[PDB]
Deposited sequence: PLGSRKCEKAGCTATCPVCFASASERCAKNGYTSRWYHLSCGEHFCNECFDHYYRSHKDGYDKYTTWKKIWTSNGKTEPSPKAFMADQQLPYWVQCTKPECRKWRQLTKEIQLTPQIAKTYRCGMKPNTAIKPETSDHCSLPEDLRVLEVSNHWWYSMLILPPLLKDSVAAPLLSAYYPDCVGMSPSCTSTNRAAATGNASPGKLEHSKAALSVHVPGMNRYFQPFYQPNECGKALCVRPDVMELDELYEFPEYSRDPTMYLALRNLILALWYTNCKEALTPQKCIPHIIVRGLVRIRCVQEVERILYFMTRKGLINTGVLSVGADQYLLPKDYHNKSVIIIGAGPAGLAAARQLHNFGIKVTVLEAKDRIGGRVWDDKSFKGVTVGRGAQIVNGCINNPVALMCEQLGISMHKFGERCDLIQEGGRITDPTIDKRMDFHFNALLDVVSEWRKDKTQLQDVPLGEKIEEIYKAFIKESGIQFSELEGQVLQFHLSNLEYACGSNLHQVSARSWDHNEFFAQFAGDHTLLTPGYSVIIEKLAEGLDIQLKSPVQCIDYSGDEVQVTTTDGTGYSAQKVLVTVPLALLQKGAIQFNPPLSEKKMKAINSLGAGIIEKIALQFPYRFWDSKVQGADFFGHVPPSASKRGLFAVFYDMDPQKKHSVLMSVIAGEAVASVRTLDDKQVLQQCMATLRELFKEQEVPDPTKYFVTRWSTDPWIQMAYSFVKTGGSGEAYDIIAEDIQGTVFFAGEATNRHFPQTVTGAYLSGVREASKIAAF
């Protein structure tokens, strides 16, 4: 009775402490010791094994002292002996993989657990019978106790985390990894680097997000363990995005000593299901059979009707279906896609009638889906000569000077805006002109006719981006979204076209074409949905993803009706528009002058001609086929409404022959002219903020009604308005709301 059989730790449940270390030849083993040291309720080490490492005279001091330097040389947390024991000496635990057994087992203290060992382990396995029948150590079931983790002194620290290589710039212990530790698509950069400017869909390796905190409050005090698991999961997903990430797949990559490993394994499942629901992993164009739904059966019971089969509806439909939720999509047109619609009949090339460009591929779901599909994008070159009528290529210094001046007018507007309210908003177009004449009259500087036309060109570039003449767009709010982190990296041409992704998202889903929804009634126990021919559908929840213009036209009857607040938000945004023309030629007539540039600009002769074929795109990055695509923006959209396709073509060809005046231009052998503005179920290209409006409108439209009626679409995404990406993400957003 010289020594103790009781644990130092007050409240500890261990009635019979035994020493896991047996490092000292004088180890107390399971008998009496001066003091029992507590790592967990199930794990202790005696005073002499403590001293074996902690005392300068003992034979373990060497090792401990070295570890302590490293722990300090690429680590930040305190290197006590308890920390050393949890990181270096604590025996590993591994779960038997026999389906009928599944018992946890302690490995002998010299065996170093690896993924391979964890993957295939079953009771009794040693490098050099009836092992599964032996009872499971009692301390294992203990780990499930609510207080077990509170009785655990130091948080776990993962070893050889898949996330480690992507996290070199951090101290491993701040991201749940062990300091004592020693080709991914370039577009996958899920982790912020230390002190780096904001970018879209990026997370801090060392801080829990709002939603994470909300779902896992028990970690607000200490996130170490959560962060490590979440980081490991993200790294695994992006390491192989072509298959579903499962707990079985994650478990072998969780390497840490002691019973706590059991806690980590049991936690990785909850975290993984949270990441899946929010759409962080197991997403994109990944598809899974009935046998393999991504969420447990408890999310499964409920039904959804999704209205619209564009990127937004299809994203949500894909997500929900993958979750195991019963989904039905109703599409008005005779095709899926919405504002994604590819013409695949041009020999050797795919020409988008709608979207075909990706602005910022880093962390972009579109770039992820390309990886999953094994398709390539073409990054745009920089050069874009501004060609005049007829023939002269504008001096680049004139291009850069007027660009500089145009952005200048924008800066001053961003100053004038700082003290105005929505009630005081003025059209961007008006305020620009005004600032221009002001500046002109101040410093008498005058611009050449060509300078004024090049400015006309740059102005047209903003009208294109807004989908409207600037006299309808808000000076206060035109660029509201820039407030949020935007997608970094390459701007590309989706050569194969967005349709490839649309089709994958749609494959195997219950989709009803030519079924235009007319009535939505959510006043009863289930949502009653009625099409224009009187066909009835019903489900517990309904997701609306129709274009902004269709909400403004009130094409769908809501009962109860949308709120006045919602109607104001809906009416405060503009239904922006542009159209495209695509021309096929017998040969690449522009090669001599264009010299391999992806696109070239067309200087407007006069303000009146602004936006009329402002830019031409060479639609084959391989420089082999001959297809040009051009855009009609701003006022020019109007002037084309009353013309038939043949007439639009005439003016394009005439424009081209002016642009290439000093040479012959062959006749086109195939073309299309888009009519988005008069497509009855679309009537637009993309949204923008009208004068008097706020970026807040996007949130307000996005707001669900009574957790019964939900909304998605490009016009509901405040961070990323307008884009296929933003539309897709809004659909993922709603799928997460709905699945909860």
| query | finding |
| --- | --- |
| Missing CA stretches, deposited numbering from 1, N-terminus first | 129 to 135, 190 to 217, 776 |
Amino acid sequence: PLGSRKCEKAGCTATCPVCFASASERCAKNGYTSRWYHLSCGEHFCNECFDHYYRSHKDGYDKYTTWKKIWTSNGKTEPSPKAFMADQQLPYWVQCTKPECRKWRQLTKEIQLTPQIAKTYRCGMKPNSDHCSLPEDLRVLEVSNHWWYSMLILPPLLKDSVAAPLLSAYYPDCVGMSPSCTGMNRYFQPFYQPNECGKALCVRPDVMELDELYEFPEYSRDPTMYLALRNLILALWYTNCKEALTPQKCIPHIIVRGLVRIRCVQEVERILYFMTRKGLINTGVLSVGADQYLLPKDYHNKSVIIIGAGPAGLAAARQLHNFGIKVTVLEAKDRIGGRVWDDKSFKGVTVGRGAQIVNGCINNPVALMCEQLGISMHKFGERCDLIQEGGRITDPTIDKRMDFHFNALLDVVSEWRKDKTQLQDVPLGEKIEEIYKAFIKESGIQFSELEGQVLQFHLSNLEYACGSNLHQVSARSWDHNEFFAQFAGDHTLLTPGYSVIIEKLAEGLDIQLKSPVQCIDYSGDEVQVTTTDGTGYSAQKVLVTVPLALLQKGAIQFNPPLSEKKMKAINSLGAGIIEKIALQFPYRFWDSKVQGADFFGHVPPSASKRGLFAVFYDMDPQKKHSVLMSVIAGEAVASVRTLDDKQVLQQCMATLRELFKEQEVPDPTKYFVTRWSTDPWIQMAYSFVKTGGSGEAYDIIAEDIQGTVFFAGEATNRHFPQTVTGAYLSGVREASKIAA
From here on, numbers count along this sequence of modelled residues.
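Rigid core: the largest C-alpha set superposing within 1.5 Å between the two forms.
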{"query": "Between stretches 278 to 286 and 77 to 85, more displaced by Cα RMS in 9 other deposited structures of this protein (rigid core superposition)", "finding": "77 to 85"}
{"query": "More variable segment, 65 to 73 or 684 to 692 [Cα RMS over structures in 9 other deposited structures of this protein, core-superposed]", "finding": "65 to 73"}
{"query": "Flanks modelled, residue 205 absent in at least a third of other entries", "finding": "no"}
{"query": "No coordinates for residue 571 in a third or more of the other PDB entries", "finding": "no"}
{"query": "Entry-level comparison of average CA B-factors, 26 to 34 and 703 to 711, reporting the higher stretch", "finding": "26 to 34"}
{"query": "Higher-B stretch (mean Cα B-factor, as the entry records it), 442 to 450 or 331 to 339", "finding": "442 to 450"}
{"query": "Residue, from 510, 371, 419, 618, that the PDB entry assigns the highest Cα B-factor", "finding": "419"}
{"query": "Top Cα B factor in the deposited entry, candidates 558, 170, 93, 600", "finding": "170"}
{"query": "Record-listed C-alpha B factor of residue 191: chain third", "finding": "middle"}
{"query": "Residue 735 CA temperature factor, ranked by third within the chain", "finding": "lowest"}
{"query": "Where the record places residue 230 (Cα B-factor, split into thirds across the chain)", "finding": "lowest"}
{"query": "Modelled-residue ranking by C-alpha temperature factor, third containing residue 693", "finding": "lowest"}
{"query": "Third of chain Cα B-factors occupied by residue 185", "finding": "middle"}
